[PDB]
Structure formats: structure tokens, C-alpha cells
Amino acid sequence: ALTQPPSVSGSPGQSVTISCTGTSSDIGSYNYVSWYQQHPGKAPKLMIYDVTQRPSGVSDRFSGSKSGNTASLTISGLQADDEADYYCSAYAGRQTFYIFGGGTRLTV
Amino acid sequence: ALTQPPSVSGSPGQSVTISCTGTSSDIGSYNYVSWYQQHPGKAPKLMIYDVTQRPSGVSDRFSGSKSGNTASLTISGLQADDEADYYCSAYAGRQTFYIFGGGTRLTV
Amino acid sequence: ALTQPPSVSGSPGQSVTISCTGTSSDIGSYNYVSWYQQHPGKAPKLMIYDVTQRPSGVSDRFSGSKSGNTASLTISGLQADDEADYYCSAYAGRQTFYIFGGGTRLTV
Amino acid sequence: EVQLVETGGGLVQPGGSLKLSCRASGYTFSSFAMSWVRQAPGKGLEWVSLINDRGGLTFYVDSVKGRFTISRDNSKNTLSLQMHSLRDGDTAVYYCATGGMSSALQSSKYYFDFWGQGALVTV
Amino acid sequence: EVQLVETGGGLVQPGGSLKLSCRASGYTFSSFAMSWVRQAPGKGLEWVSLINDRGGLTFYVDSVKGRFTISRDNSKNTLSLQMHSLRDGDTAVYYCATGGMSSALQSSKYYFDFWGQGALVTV
Amino acid sequence: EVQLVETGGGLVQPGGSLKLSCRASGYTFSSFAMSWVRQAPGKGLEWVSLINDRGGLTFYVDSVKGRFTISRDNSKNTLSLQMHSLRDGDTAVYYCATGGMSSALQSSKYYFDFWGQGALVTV
Amino acid sequence: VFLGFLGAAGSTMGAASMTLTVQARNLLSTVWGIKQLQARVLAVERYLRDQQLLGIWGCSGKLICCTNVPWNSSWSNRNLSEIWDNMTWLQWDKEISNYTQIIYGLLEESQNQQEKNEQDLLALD
Amino acid sequence: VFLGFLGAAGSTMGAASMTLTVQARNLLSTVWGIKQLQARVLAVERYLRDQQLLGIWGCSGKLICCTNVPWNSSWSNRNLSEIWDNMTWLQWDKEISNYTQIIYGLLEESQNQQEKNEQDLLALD
Amino acid sequence: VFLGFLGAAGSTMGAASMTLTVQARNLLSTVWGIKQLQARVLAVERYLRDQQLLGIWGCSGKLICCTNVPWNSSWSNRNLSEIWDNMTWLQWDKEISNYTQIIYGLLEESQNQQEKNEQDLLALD
Ligand SMILES: *[C@@H]1O[C@H](CO)[C@@H](O)[C@H](O)[C@H]1NC(C)=O
Ligand SMILES: *[C@@H]1O[C@H](CO)[C@@H](O)[C@H](O)[C@H]1NC(C)=O
Ligand SMILES: *[C@@H]1O[C@H](CO)[C@@H](O)[C@H](O)[C@H]1NC(C)=O
Ligand SMILES: *[C@@H]1O[C@H](CO)[C@@H](O)[C@H](O)[C@H]1NC(C)=O
Ligand SMILES: *[C@@H]1O[C@H](CO)[C@@H](O)[C@H](O)[C@H]1NC(C)=O
Ligand SMILES: *[C@@H]1O[C@H](CO)[C@@H](O)[C@H](O)[C@H]1NC(C)=O
Ligand SMILES: *[C@@H]1O[C@H](CO)[C@@H](O)[C@H](O)[C@H]1NC(C)=O
Ligand SMILES: *[C@@H]1O[C@H](CO)[C@@H](O)[C@H](O)[C@H]1NC(C)=O
Ligand SMILES: *[C@@H]1O[C@H](CO)[C@@H](O)[C@H](O)[C@H]1NC(C)=O
């Protein structure tokens with residue numbers, strides 16, 4: 001599996017950067033890293049896919065990047081709705097398919 | 001390997017039920033479970049094959065059954081000749097072929 | 001990997017026999033055992049290949065043999081130049097290719 | 001427009017057999033792969049199973065390979081998960097999700113774009 | 001009618017080489033697969049090796065794969081087992097048995113219907 | 001006549017990327033396989049990588065499979081080794097060597113007949 | 001080449017399944033010249049049609065080819081010993097002649113194109 | 001046999017890639033007799049040439065065959081949905097007609113003989 | 001197509017084993033019309049016979065094909081460099097011409113039907 005920070009703290013208006021570092025076989029071999037937002041009590045939602053690609057209906061405040069075997073999600077202009085549990089997923093191969101990281105609380 | 005009761009105790013005229021519980025890959029995946037009788041001092045003999053099928057020359061007192069990942073051999077009308085060491089075998093796949101269970105003494 | 005004697009001691013004019021015992025999958029399965037001489041400070045040199053075959057330009061004093069899963073290098077008529085670190089290599093298969101043994105000091 | 005509705009959650013005893021199901025409406029069900037992802041009550045997400053668009057390529061996480069079975073009916077727009085011999089680690093809220101793989105004739109879909117309400121299985 | 005007679009048992013030293021053999025009479029030897037099954041003196045049965053009817057498909061238990069070699073001569077009605085580098089766990093009474101697999105043109109034979117007298121190997 | 005000259009050694013920090021290289025003169029470079037073998041300062045030799053004569057069959061030791069990459073240019077008579085994410089166990093003097101495998105149209109070459117000067121990598 | 005041709009036509013199906021190369025090697029070779037050319041061209045076309053049928057089943061270059069098509073007892077409910085140790089291929093062909101096209105359509109399009117699409121989509125992974 | 005022939009010629013490329021057997025089965029069958037024999041022999045030679053092209057690409061007995069040849073955007077820079085869900089094979093053939101031989105020479109000699117030599121040298125190990 | 005045809009007939013066997021596609025592509029194409037039709041039909045039959053020989057050896061769609069048949073030094077006791085780096089295929093064919101059928105019968109029936117039966121019986125497991 002992947003390692004994600006347990007909690008990230010941000011204040012309104014500034015930026016925050018969650019991270020997801022992995023081994024060389026999942027993130028450093030495949031450019032398929034997705035980020036999901038799960039509000040408390042509801043189901044997850046796709047925020048970022050393919051490292052840097054964004055689904056339609058999602059603001060430009062959510063941005064993705066990757067460096068080496070590490071992936072990063074940057075949320076600019078934090079708002080109340082941004083508070084949620086954030087999980088990173090990576091495609092690890094055709095034997096083991098999808099590895100998730102532990103959640104991350106964002107407190108605004 | 002499989003797990004078989006160390007000893008089963010029976011009295012003449014009633015019935016006894018030895019058991020052989022296994023993992024989901026040997027007994028719960030293949031309907032090929034055989035039971036063998038080895039008298040003390042001689043070589044084994046086929047009693048049951050294919051869970052419920054009986055070789056010619058063997059009385060109907062020996063009966064086989066399977067439920068889930070567990071196989072059972074039932075001997076009705078116990079007699080002196082029934083006293084023997086009983087082993088269960090299962091076909092586990094084409095990589096590992098045959099897994100045996102530990103013996104079981106029947107005392108009549 | 002393979003196991004080689006840490007040091008072998010010889011006197012000028014007599015013979016010495018370094019050994020390399022391995023598992024049944026490397027030396028006992030493939031007749032491809034090579035011996036290398038690394039002088040202190042320089043790079044290795046091929047002394048023996050294919051168990052018993054000798055490269056051109058190498059004296060007949062260096063001789064190779066194999067018995068079962070064990071290979072042996074015999075150096076007759078020891079000289080000052082013979083002092084070196086000696087390593088045995090075996091071809092172990094197409095998954096793991098080459099396994100080396102620990103060095104061996106020859107003191108003449 | 002896209003809505004996935006899970007049904008069949010319940011309380012099972014260790015070693016029991018359950019059959020989770022997911023209904024879909026709002027898109028062409030036969031042109032997407034579908035996945036099951038579980039969230040234990042106190043831990044994060046974990047991918048369980050994957051089935052292709054046609055329904056003949058099935059992939060499972062190492063834990064649940066021999067026990068769980070994924071299947072889909074592209075005429076009823078239903079996805080199903082048969083879980084035999086449920087152990088104690090299988091307690092979680094299961095989400096049916098759209099994505100995970102794609103056909104050769106479509107672009108890569110190595111992500112889950114649409115998720116479901118959720119269905120809690122306690123065992 | 002069916003009789004299998006093992007020969008070649010003896011006392012070997014750890015690391016030695018032995019050649020067990022089994023003779024058969026009473027049936028068509030070339031239309032059955034043959035297996036070797038060992039019983040240690042104080043433990044139960046354990047399957048060692050399997051050879052098909054023709055003699056060109058050979059299967060071994062994980063322990064003895066590189067060391068043991070099974071072979072059969074369908075003209076002499078003899079089954080043989082070459083055991084190199086015998087370790088201490090290889091002490092047991094070995095039974096040659098009929099069955100374990102079958103040809104595509106016959107029914108499944110995932111069992112041992114006929115066994116042999118036995119041959120004790122101590123090493 | 002045969003001379004292999006390694007270049008590109010240096011001092012790297014854990015996790016860095018280096019590119020070792022080996023030049024050859026004295027023989028037909030395109031008709032031999034080439035290997036990289038490392039000697040740690042206080043330990044013996046260890047085989048790292050192998051590349052065939054043509055340059056399209058590449059083999060690596062279990063440790064360095066995903067990190068190291070071997071490649072060769074048969075027009076420049078150069079062999080190269082790209083090492084990404086260098087850990088602490090990768091400190092050694094690396095030798096480019098001739099041999100390890102051969103084509104179907106040549107005899108077996110399961111040995112290293114010609115070695116290089118050496119290039120020390122500290123990380 | 002001709003030696004042994006059809007010599008296992010009275011043997012059991014299993015015994016006759018060990019001489020397939022003998023019958024496979026014997027399938028390929030004025031106004032009289034055009035009649036014989038038409039015979040030779042029809043033999044070539046017939047061999048090509050058979051090989052095309054093998055190739056659309058994933059059975060190219062194969063004299064024995066297993067498939068993923070279950071046997072239906074409606075086609076034949078006989079036991080394996082009856083078929084392979086107690087029947088000849090001629091009797092078998094007489095028995096299954098009215099079921100051949102069903103099997104050939106279950107091999108033609110279902111099994112092979114399904115399997116082939118799945119290999120393509122697995123090669124994507 | 002003829003049923004469904006060319007019926008996916010106005011369908012999308014993906015929809016038309018599921019009926020390949022229908023068009024593969026329809027490729028094989030006095031002075032008039034020699035004219036018709038010449039037509040039949042040319043059909044046979046044409047089928048053999050196509051199968052030889054498939055076989056020198058490692059694509060024998062295959063109606064869909066993947067390769068190790070990267071697609072060049074110079075040949076076509078269209079996206080997968082455009083090609084497979086928004087175009088027919090006729091339009092595709094019109095678009096790539098002047099690039100076909102480059103692809104066929106990148107499949108003919110580079111990919112297959114390289115791969116085949118590597119399998120031989122791996123079988124040596 | 002014709003370019004390079006037979007151009008490695010004076011090259012070493014190994015150098016000539018890298019141009020096999022050039023010679024494989026060149027094997028397929030009134031009273032005069034029937035004579036030429038007979039020539040074309042014989043070329044087709046000859047190609048089909050060669051491909052059938054390849055297919056009964058497990059060598060379909062393969063220009064280089066390895067087998068499980070050991071080489072006998074009676075056939076030729078020459079070393080690999082002599083054959084592949086110091087001989088041409090014409091000289092080789094001259095040397096082995098009286099041993100070809102033995103090799104072809106060790107490939108025809110022993111190796112392939114044995115291997116094929118074993119794959120069937122392993123597919124049973
Ligand atoms: C003919 O049948 C007999 C017995 O029915 C059998 O022994 C013999 O091998 C058969 N011969 C052939 C050529 O099938
Ligand atoms: C077998 O054939 C019958 C018709 O005779 C059909 O109803 C049935 O579905 C077939 N079975 C299978 C498994 O396809
Ligand atoms: C197969 O052929 C005939 C002709 O259609 C059919 O009526 C009959 O039932 C079948 N015969 C046998 C022997 O199965
Ligand atoms: C023709 O196109 C229409 C819409 O463009 C589509 O619904 C239909 O399936 C197509 N039919 C064929 C035979 O391609
Ligand atoms: C694509 O084609 C162009 C010419 O149009 C050529 O220069 C280029 O190298 C090709 N790309 C590849 C990857 O072969
Ligand atoms: C392909 O064909 C013509 C003829 O050579 C060429 O000039 C043209 O650029 C190409 N057409 C298209 C539509 O790509
Ligand atoms: C002919 O032989 C010479 C030397 O013997 C060699 O250099 C040359 O490549 C050969 N040419 C061909 C076409 O085989
Ligand atoms: C090689 O051929 C000879 C006859 O020249 C024959 O006796 C021998 O058995 C053959 N060797 C092998 C291994 O088949
Ligand atoms: C091969 O051909 C002839 C004709 O049979 C034979 O006598 C001779 O020994 C062989 N020639 C060579 C050069 O091996």
C-alpha cells in the first residue's frame with residue numbers, strides 16, 4: 001500500500017499540499033494516480049485522475065502533480081466544503097491492480 | 001496438508017463418522033476426495049474415491065460425503081476388520097497434486 | 001550464493017586445491033563453473049571456464065574439476081604470482097543467472 | 001444523471017455466504033468496467049474486485065481471490081458480488097464504482113469516476 | 001489379479017543414491033498412471049511422485065523435485081524411482097500405486113486404486 | 001588487444017541517479033554479450049546485469065531489476081548502465097565484462113573472458 | 001507418404017487419434033488437363049477451407065485442439081470409454097452428423113472471438 | 001455463410017471489428033472453364049498472400065493481432081473514440097492508404113524477425 | 001518485393017538467416033493460359049505442402065522454429081562456428097541431403113504428436 005499524511009492543516013484563502021509517496025513499481029512505473037474526496041458520511045468522489053487530469057464539474061483549485069515516486073495534491077483557496085477525507089490511489093500492475101493510501105483529514 | 005481426527009471410537013453395530021476438513025482450494029474446489037484403509041502391518045487400500053464413489057468389492061457400509069470444505073467418511077455396522085488407520089486424500093491442483101491427512105485409529 | 005574457503009595456504013612447488021560447493025540447482029544442474037583470479041589492486045581475470053576448460057594464455061598449472069554439487073580448482077607448482085583472490089562462479093538458471101562465491105586468499 | 005444503488009447488505013456470521021448487488025441508471029452500463037471498493041469502519045479504502053465491460057475478465061485482491069466472485073448482467077444493468085466463507089476482516093461498507101479498466105477501443109480508465117451510495121456488511 | 005511388487009529397498013547413508021523399482025502383473029500397465037507414496041514409520045502417508053501412462057509427464061512434491069526422478073518402461077512393466085542426495089527426511093516405506101491422473105481419452109482417475117507391498121528405505 | 005575502459009564513476013547521494021559507461025576496443029563489439037559485475041570494497045564479486053549481443057535481451061539481479069537499466073550501442077562500441085534511486089548497498093567498483101550469454105549461432109559463453117579497469121561508485 | 005493411409009478406420013477412436021498425420025499428409029497433391037487442374041484446384045480450395053475453419057477456432061497448426069466449448073449431452077450422452085475405446089470415427093461421424101453445425105457455430109463465433117477480445121483486453125493491462 | 005456479409009461496412013470500426021469471421025469465411029470459394037479456373041486460382045493465391053503477410057508478422061490464425069510497433073501520429077493523430085466509435089473501416093482505409101506500406105514494413109521485417117531471434121536466444125537460456 | 005532475393009546465397013548461414021522473409025515473400029505469385037495456370041497451381045500446391053510440413057512440426061507461422069529433436073553427430077559432426085560463420089546454406093544442403101528425411105521423420109511424428117498429446121493431458125490437469 002501507499003503512505004499518506006494522517007492529517008493536513010490549512011487556513012482559508014491559502015494553499016495546502018497533501019502527498020502520497022510510493023514504491024518504484026506503482027507510482028514510478030505508471031502515470032495513473034487518482035485522488036478521491038470522501039466527505040464525512042457520504043461516498044467518495046473523483047477529484048483527480050491520471051496524476052494531473054481533472055474531471056468535469058470540479059474547480060481548478062484542485063490540482064495534481066507527481067515527482068519521481070511521489071504524488072502531490074494541491075488545494076488552493078481552501079473553503080469549508082474542502083474539509084474531507086482524501087485518499088490517493090495508484091495502479092500497481094496487472095497482478096495487483098489498485099493500492100490505496102490511508103485517509104487524510106483537512107481542517108479549514 | 002489436511003487435518004483429520006487423531007482417533008475415533010466406535011462400538012459394534014452402530015455407526016461412526018471420520019472427518020477431513022481442508023482449505024477452500026483442495027476440498028472446496030475439486031470433488032476428488034479419496035479415503036484409504038491401512039490395516040496395521042499391511043499396505044493401504046482404496047475405500048472411497050470421488051467423494052461418494054465406491055470401488056467394486058467394498059461393502060456399502062463404507063459411505064462418503066462432503067459439505068463445503070469438509071469431507072466425511074461414515075462406517076455403519078462396525079466390525080472387527082474395520083479397525084485400521086484411515087487417511088483422507090484430496091487433489092489440490094496441478095502445481096501441488098495430492099495432500100494427505102494424518103491417520104485415524106478406529107477401535108471397535 | 002556459493003560457499004568458498006576463506007583462505008587456502010600453500011608452499012612453493014607443491015599443489016593446492018580450492019573448493020566451491022553449491023546447491024543441486026547451480027553446480028549439480030549446469031556444467032558451467034568458472035574460476036577467476038583477482039590480484040590485489042587489479043581487475044579479475046578468467047582462469048577456468050566450463051568446469052575443466054582453460055583460456056588461451058593460461059598455464060596448465062591451473063586445472064578444474066567437479067564432483068556432484070562441488071567444484072574444485074587445483075593449482076600445481078605454486079609461484080609468487082599465484083597469490084591472489086580467487087572466486088568461483090556458477091550459472092544458476094535463466095531467472096537468477098550468475099552466483100559468485102566469497103574470495104579466497106592464497107599465500108605462497 | 002449517473003446513479004448507482006447498492007442493495008443486499010446485512011448481518012452475517014463468520015463463514016456465511018452473502019450476495020451484494022448494485023443497480024445503475026444514467027449511462028450505457030455495457031461500455032464501462034465496474035469495481036467493488038470497501039471501507040472498513042475505522043480504516044481507509046481498499047480495492048476488492050474488478051470486472052470488464054463485457055463481463056469475462058475478473059480480477060480480485062489477493063485476500064479474496066478464491067472466496068469472492070464478481071459478475072455483471074448488461075441487460076439488467078446489475079453488478080453482483082458473491083462472497084462465500086466471510087471471515088472477520090470482511091466487515092466494511094462496500095461501494096460499487098464505475099471504472100478500473102477499459103476496452104482496447106477506448107481510452108485508459110485507470111480510475112473510478114462514479115461511485116455508489118454504499119452498503120454495510122457486518123461479519 | 002493385480003499385483004505390484006516393490007524391490008530395491010536398502011540402507012543408505014545421508015547423501016547417497018538409491019534406485020527403487022516396482023513390478024506389476026495383472027493388467028495393462030501402459031494404460032494407467034503410476035505414483036509413489038511414502039509412509040514414514042511414525043507418521044501418515046505422503047505423495048512423492050506421479051508419472052502418466054505414456055511416461056512423458058512427471059510430477060514431484062516440492063521437497064523432492066530436483067532430487068528424485070520417476071520413470072517407467074511399458075514393455076518391461078516396471079516403474080522406477082531414482083533418488084539422489086537422500087537427506088534424513090526421506091526415511092519411509094515407499095508404495096508404488098496405480099492412479100493419480102489419466103489420459104484425455106479416459107475418465108478421471110484422481111485416486112490410487114491399487115497399491116504395492118511396500119519397500120522400506122532407511123537413510 | 002582487447003581493452004575495456006569504464007568511465008562515469010563518481011560520488012552520489014542516496015537516491016541519486018548515475019550513468020556508468022564502458023568503452024571497448026580490440027574485437028567485434030556486436031558479436032559478444034556484455035555484463036556488469038560489482039565488487040564492494042570489503043566483499044567479493046556480484047553479478048548485476050547482462051545484455052545480449054544485439055541489445056534487446058536484458059537481465060538483472062533481483063535487487064536492481066526495477067532501478068538499473070543496461071543498454072549498448074553497437075555502432076559506438078559503448079555499454080551503459082543507468083542507475084536510478086541508488087541505495088546504500090550499491091557502493092562498489094563496477095566492472096564491464098565480455099560474456100554471459102551468446103547467440104544460437106555461436107557456442108555457449110557462460111563465463112566472463114574479458115574484464116575492464118573498474119569504476120568506483122560511492123553512495 | 002501413402003503408407004498407413006486410412007489404416008485406423010476400423011480401429012477405436014483413440015487408436016485412430018494417433019495416426020492423424022498420415023491422413024493430413026494425404027490431403028494435398030488439353031481438355032483432360034483442365035479437368036485435372038479443376039480437380040487439383042478444388043483439392044487446394046478444400047484444404048484451405050478446412051484450415052480456415054481451424055484458424056477461426058484458435059486451432060491453427062494443430063491436429064488435436066482443445067476448446068472452451070462444453071459438450072452437450074443432447075449431442076451425445078455416451079461415456080468416454082464407449083467413444084474412445086469402443087467406437088470408430090466413422091460411427092461417431094454417423095452419430096453426430098446432425099449436430100456438427102451447432103458445434104461449429106459454438107466454435108466459430110462465440111468461443112474464439114470472445115477469447116480473442118479478452119486476450120486483447122488483457123494485453124492492455 | 002453469406003449472411004451478414006459486409007453488413008458492418010457502415011458501422012463504426014469497433015462495431016465492425018466484431019464480425020470479422022463473416023468476411024473471412026467469404027474470401028474462399030471449355031474456355032469459360034479456364035476463365036473461371038483462373039478466377040478461382042487467383043482467389044486462392046490472394047488468400048495465401050494475405051495469410052503469408054499475417055504469418056510474417058506473428059499473426060497466424062488470428063483475426064485480431066497486437067504487435068510491438070508504436071503508432072506514429074504522422075500516420076494519424078486522431079483520438080481513440082474518433083477512430084473506433086466515430087469512423088468506419090472504409091474511411092479509415094481512405095485516410096491511411098498512403099501510410100500502409102510503412103506500417104507493413106515496420107511489421108514485416110523489424111518487429112517479427114527481431115522478436116523471433118530474441119525468442120530463439122531466450123530458448124537458449 | 002523481389003529486391004534482395006537470394007542475395008545471401010553466398011553469405012554465411014547466420015548472415016543468410018536474417019533475410020528469410022525476402023525469400024518467403026517470393027514463393028507466392030488458350031493453351032498457353034492453361035500451361036501458366038498449371039504452373040501457378042503447382043506453385044500454390046508446393047507452398048501448401050511446405051506450410052503443412054511446418055504445421056505438423058509445431059512450426060506454423062514461424063520462419064525460425066526450434067524443436068525437441070537432438071542433433072545426431074552422424075548427420076553432421078561440425079562445430080557451430082563452422083556451420084553458421086563458415087558455411088552457406090547451399091553447401092549445408094549438399095552435406096545433409098541424404099539425412100533430411102530422417103530429421104523430417106523425427107519431426108513429423110515423434111516429437112510433435114508426443115508433445116501435442118502431452119499438452120492435451122496437461123490441459124486435463
Ligand atoms: C481390429 O479389431 C481387433 C479386435 O476387434 C483388434 O485386435 C485389432 O487391433 C483391430 N485392428 C485394426 C486395424 O483396427
Ligand atoms: C444443450 O442443447 C439443448 C437443446 O437440445 C439446449 O436447450 C441446452 O441449452 C444446451 N445446453 C447447453 C449447456 O448449452
Ligand atoms: C442423424 O441423421 C438423421 C438425418 O437427419 C436424423 O434424423 C437422425 O436422428 C440422426 N441419426 C442418428 C443415428 O443419431
Ligand atoms: C447506422 O447508423 C445509425 C446512427 O448513425 C446506428 O444507429 C445504426 O446502428 C447504424 N447501422 C449500421 C448497420 O451500421
Ligand atoms: C514518425 O514518422 C516521421 C516521419 O513522418 C519520422 O521522422 C519519425 O521518426 C516517426 N516516428 C517514430 C517514433 O518512428
Ligand atoms: C492519401 O492519398 C493521396 C494520394 O497519394 C495523398 O496525396 C493524400 O494526402 C492522402 N489523403 C488523405 C485524405 O489523407
Ligand atoms: C562475400 O564474402 C566476403 C568475404 O569472403 C564478405 O566480406 C562479403 O560480405 C560476402 N558477401 C556476401 C553478399 O555474402
Ligand atoms: C544417430 O544415428 C545412428 C545411426 O547413424 C543411430 O544408431 C543412433 O541411435 C542415432 N542417435 C540418436 C541419439 O538418435
Ligand atoms: C550425400 O549424397 C550422396 C548420394 O547418396 C551420398 O553418397 C554421399 O555420401 C553424401 N555426400 C556428402 C558430401 O555427404
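Order of the sequence lines fixes the chain letters, A, B, ..., with proteins taken first and strands second; residue numbering starts at 1 for each chain.
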Please name all residues satisfying side chain to side chain donor-acceptor pair (under 3.5 Å) with [X], sequence neighbours left out, ordered by chain then number.
{"X": "G/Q111", "result": "G/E115"}
{"X": "G/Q113", "result": "H/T21"}
{"X": "G/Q119", "result": "none"}
{"X": "G/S76", "result": "none"}

With heavy-atom distances below 4.5 Å as the criterion, would you say the side chains of [X] and [Y] are in contact?
{"X": "H/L107", "Y": "H/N112", "result": "no"}
{"X": "I/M13", "Y": "I/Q91", "result": "no"}
{"X": "D/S30", "Y": "D/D53", "result": "no"}
{"X": "G/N68", "Y": "G/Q114", "result": "no"}

What's the shortest heavy-atom distance between [X] and [Y], and which atoms?
{"X": "G/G58", "Y": "G/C65", "value": "O-SG, 3.7 Å"}
{"X": "F/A104", "Y": "H/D120", "value": "CB-OD1, 3.0 Å"}
{"X": "G/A24", "Y": "G/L63", "value": "CB-CD2, 4.1 Å"}
{"X": "G/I34", "Y": "H/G33", "value": "CD1-C, 3.7 Å"}

Test side chain to side chain contact (heavy atoms under 4.5 Å, CB included) applied to G/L28 and I/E45, step by step: CA-CA 7 Å; G/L28 272 183; I/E45 285 190 346; 5.6 Å; no

How many angstroms lie between atom [atom1] of [X] and atom [atom2] of [Y], to the nearest 0.5 angstrom?
{"X": "G/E118", "Y": "D/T58", "atom1": "CD", "atom2": "OG1", "answer": "8.5 Å"}
{"X": "D/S107", "Y": "H/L80", "atom1": "OG", "atom2": "CG", "answer": "6.5 Å"}
{"X": "H/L37", "Y": "G/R40", "atom1": "CG", "atom2": "CZ", "answer": "10.0 Å"}
{"X": "I/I103", "Y": "I/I96", "atom1": "CD1", "atom2": "CD1", "answer": "5.5 Å"}
{"X": "D/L105", "Y": "H/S17", "atom1": "CG", "atom2": "OG", "answer": "5.0 Å"}
{"X": "I/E95", "Y": "I/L90", "atom1": "CD", "atom2": "CG", "answer": "12.0 Å"}

With distance as the sole test, does [X] use its side chain to make a donor-acceptor pair with the main-chain N or O of [Y] at under 3.5 Å?
{"X": "D/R72", "Y": "D/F29", "result": "yes"}
{"X": "I/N26", "Y": "I/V1", "result": "yes"}
{"X": "A/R94", "Y": "G/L122", "result": "yes"}
{"X": "H/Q51", "Y": "H/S60", "result": "no"}
{"X": "H/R49", "Y": "H/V44", "result": "no"}

With a 6.0 Å cut-off (strictly less than), is the heavy-atom count around NZ of G/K94, excluding the residue itself, greater than 12?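 It does: G/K94 NZ has more than 12 such atoms within range.
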
More than 12 foreign heavy atoms under 6.0 Å from CZ of G/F5: is that the case here?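 More than 12 within 6.0 Å, yes.
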
Test of understanding: with ring pair (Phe, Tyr, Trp, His ring centres under 6.0 Å), list the residues that count as partners of H/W71, not counting sequence neighbours.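 Testing H/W71 for ring pair (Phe, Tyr, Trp, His ring centres under 6.0 Å), a comparison that skips the adjacent residues, returns H/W75, H/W92.
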
Report the C-alpha separation of H/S81 and H/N79 in whole Å, then their side-chain angles, then the decisive distance to 0.1 Å, and conclude whether the side chain to side chain donor-acceptor pair (under 3.5 Å) test is met. CA-CA 6 Å; H/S81 62; H/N79 289 346; over 6 Å; no

Return the set of residues passing side chain to side chain contact (heavy atoms under 4.5 Å, CB included) with H/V22 (not counting sequence neighbours), or none when no residue passes.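 Once residues adjacent in sequence are excluded, the partners of H/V22 under the side chain to side chain contact (heavy atoms under 4.5 Å, CB included) criterion are H/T19, H/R25.
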
